[PDB]
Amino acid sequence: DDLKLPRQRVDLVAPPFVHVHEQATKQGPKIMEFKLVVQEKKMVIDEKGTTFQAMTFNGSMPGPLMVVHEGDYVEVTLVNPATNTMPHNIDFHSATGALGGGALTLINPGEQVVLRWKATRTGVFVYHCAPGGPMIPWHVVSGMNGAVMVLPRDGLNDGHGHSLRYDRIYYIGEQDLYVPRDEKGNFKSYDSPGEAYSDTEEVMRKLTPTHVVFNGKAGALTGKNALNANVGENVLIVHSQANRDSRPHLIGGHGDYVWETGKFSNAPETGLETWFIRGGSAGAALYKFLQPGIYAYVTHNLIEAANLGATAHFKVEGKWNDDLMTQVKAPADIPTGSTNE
């Protein structure tokens, strides 16, 4: 064993939640140990019950958020159980060399592999499967993508010498899906990913998704699964898109501090309405809630948001601030003496 550092095992949690971590740390570098198990399975992706043949890390779309600190080593055990049908691997955009690790991690069903990469670059980054050739886009748009956050050891800052600390963190993975339709326009079902491939590839080629979803399905983060917050809390929202651009917006809020390219060596932008996640990247926004109520978090192509699945909700508890906004007069009949031309 050449590398003589303490080891720490991390238990991942399903998105949009994030495993326990420290923001700032005075611990030295560690070997941070993670396990990812590939799971191919049929999943429900919309509110009408449409299914499709997904491929996942750890059973979720997105794959879980991994969080480490600058200078840590990340030792990932990737497992491809023999119930799976395809080979898989992993490419970390946070890592240096061998196609992000993909060239060192190709495993057949029944195999596992252990990759270590040094976390030399701060930010949020995509990770994704990339077996080779046309299998690269297919595995990614089938769900095989997640993100990793590499925090500075002193935690986040505003790029102007002031520390920033979040009260809460959520990870929003956005997924573009390409579900085949029959001649009548109904979504087609298949018994395996391999059977779905040819028809799926034809949809992929036209670069227009059938669905754009957060946390793996339309409505996943609405209703009973809305994201909780409180007035006053500084919330970090990490957003990834491994294949296609997105334009996040918090309806009724702002991005107080936004790293749209997602890299903490760059000062954030302030007071954004809408930001831009380039396909193949993660970004992050901090917002301090000022008002209670429901907020919609969307990609601000509103067709994608409302009609293809890409809306989440926050439910924020606290007291309303009438100075920031008030209904001066409730809806009422237009006065008879009005002229409205």
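Note that residue numbering follows the sequence shown and begins at 1.
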Averaged over C-alpha atoms, is the B-factor higher for 332 to 340 or for 4 to 12 in this PDB entry? 332 to 340
With respect to the recorded C-alpha B factors, which stretch has the higher mean value, 152 to 160 or 252 to 260? 152 to 160
Quick one: which of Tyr178, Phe92, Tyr171, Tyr73 shows the highest Cα temperature factor in the PDB entry? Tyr73
With respect to the C-alpha temperature factors reported in the PDB entry, which of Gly110, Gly271, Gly146, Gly100 ranks highest? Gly110
If you rank the chain by CA B-factor, which third does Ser192 end up in: lowest, middle or highest? highest
Modelled-residue ranking by C-alpha temperature factor, third containing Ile277: lowest
Considering only modelled residues of the same chain, in which third does the CA B-factor of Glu183 rank: lowest, middle or highest? highest
State the tercile, meaning the lowest, middle or highest third, of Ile294 with respect to the CA B-factors recorded for its chain. highest
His313 by Cα B-factor - lowest, middle or highest third of the modelled chain: middle
